[PDB]
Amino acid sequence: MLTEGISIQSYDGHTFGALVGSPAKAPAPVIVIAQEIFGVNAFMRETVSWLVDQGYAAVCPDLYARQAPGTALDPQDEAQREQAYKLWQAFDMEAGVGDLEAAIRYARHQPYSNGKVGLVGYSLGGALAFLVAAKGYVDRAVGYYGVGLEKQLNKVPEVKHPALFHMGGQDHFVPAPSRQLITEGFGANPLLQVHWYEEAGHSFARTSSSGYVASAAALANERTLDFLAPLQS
């Protein structure tokens, strides 16, 4: 689902929609939410809703719009999971970072904006959150279980604003030696935080996932809120 009429333009000229939640009380910081591999779907709407309840405004951009506008896939449907994986495999990460940059700029200047912008990303969006943190576009970035973070560690010294990452210890995407590389690499930059959730794998914060772990989700989520709270004012 997207908010009808919302259109955001990327540096290269491409336009895309977004699901937008205005804040309960303005002004407020705006959180750009970077999707999982399923488009802008139920978990994204639930996340917009949660962040509104917590005193933010939120913008969730349609990152698959370069491939197919308005994709919103049910992660419990096998056929739709297959299409999600195809879209993720074809996804242009660089263009994704550009689209997120444009959504961050949009979020800075809405009439409800206090001028501070955060980013929270899950799965695909967690990978994008790290790349955005390296570019420095946001005041604070948060990623949940991005894939391939051990391949991006050369970017660690580029991070100049705080970023927080939540990783599942049982995530099959992240074997032990990758976890060790990430832990060591992140330790070199105190602006980065990474927490490991030993009893949780991928997608642990989404109730509809077979990987959902309530204790891990709750701890991660309260850490996220405490980390974003300084943006409020």
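Each residue number is its position in the shown sequence, starting from 1.
Novice: State which stretch shows the higher mean Cα B factor in the entry: 35-43 or 173-181.
Specialist: Mean B over CA atoms: larger for 173-181.
Novice: Read off the CA B-factors in the entry, average them over 96-104 and over 109-117, and name the higher stretch.
Specialist: Between 96-104 and 109-117, it is 109-117.
Novice: Among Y137, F91, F130, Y144, where is the Cα temperature factor highest, going by the PDB entry?
Specialist: Of the candidates given, the C-alpha B-factor peaks at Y137.
Novice: When the CA B-factors of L51, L63, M167, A188 are compared as recorded in the entry, which is the largest?
Specialist: Of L51, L63, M167, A188, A188 has the highest C-alpha B-factor.
Novice: Comparing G148 with the other modelled residues of its chain, is its CA B-factor in the lowest, middle or highest third?
Specialist: Middle third.
Novice: Of the three thirds of its chain by CA temperature factor, lowest, middle or highest, which one includes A163?
Specialist: Middle third.
Novice: Taking the C-alpha B-factors as the PDB entry records them, is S209 in the lowest, middle or highest third of its chain?
Specialist: Answer is middle: the recorded C-alpha B-factor places it there.
Novice: Per the entry's values, where does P157 land by CA temperature factor relative to the rest of its chain, in the lowest, middle or highest third?
Specialist: Top third by C-alpha B-factor.
Novice: Going by the entry, which third of its chain does the Cα temperature factor of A200 land in?
Specialist: For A200, whose C-alpha B-factor we compare with every modelled residue in the chain, the answer is the lowest third.
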